[PDB]
Amino acid sequence: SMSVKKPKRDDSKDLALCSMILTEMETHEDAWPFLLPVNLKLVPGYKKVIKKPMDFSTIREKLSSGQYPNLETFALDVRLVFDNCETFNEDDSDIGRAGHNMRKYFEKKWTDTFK
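Just so we're on the same page, the deposited numbering is the position in the sequence shown counted from 1, plus 1855.
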């Protein structure tokens, strides 16, 4: 509360570490469904159904331009990418499996880097 603070967690490397994680996600072989924004002209249903589209390139640009105030807002957008994928794709599809795999990959890197 006012003039009562928990000890200051060092957050000075967060930006670099989120960039590193994002690089590892970008270079995973199953990243291909997530690298670029879904083409809203070419994919029926996407625009109406997925209220907040997110992809790795968009996260990368937000990251690079100081649009994440903290590491939780970064994780929210990453998870949004996988939540959107599960919303739109069957579990038993290449893309559906890609999303589960990438989410797993991300969550491990996240825990190992920060928790």
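All C-beta atoms, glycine included, are put in the ideal place defined by N, C-alpha and C.
Burial is judged here by how many other beta carbons sit within 10 angstroms of a residue's own beta carbon; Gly1921 has fewer than 16 and is exposed. With contacts defined as CB atoms closer than 8 Å, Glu1884 and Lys1964 fail to qualify as a contacting pair. Rounded to whole angstroms, the gap between the alpha carbons of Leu1870 and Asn1944 is 31 Å. Three or more beta-carbon pairs separated by less than 8 Å link the region 1939 to 1953 to the region 1885 to 1902, which places the two stretches in contact. Under the three-state reduction of DSSP output, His1883 falls in the coil class, being neither helix nor strand.
Taking the C-beta atoms as reference points, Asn1939 is found no nearer than 8 Å to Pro1892. By the Cβ-count criterion, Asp1967 is exposed, with fewer than 16 other Cβ atoms from all chains shown falling within 10 Å of its own Cβ. Distances from the CA of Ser1948 to each of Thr1882, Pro1888, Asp1910, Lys1863 were compared; the closest alpha carbon is that of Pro1888.
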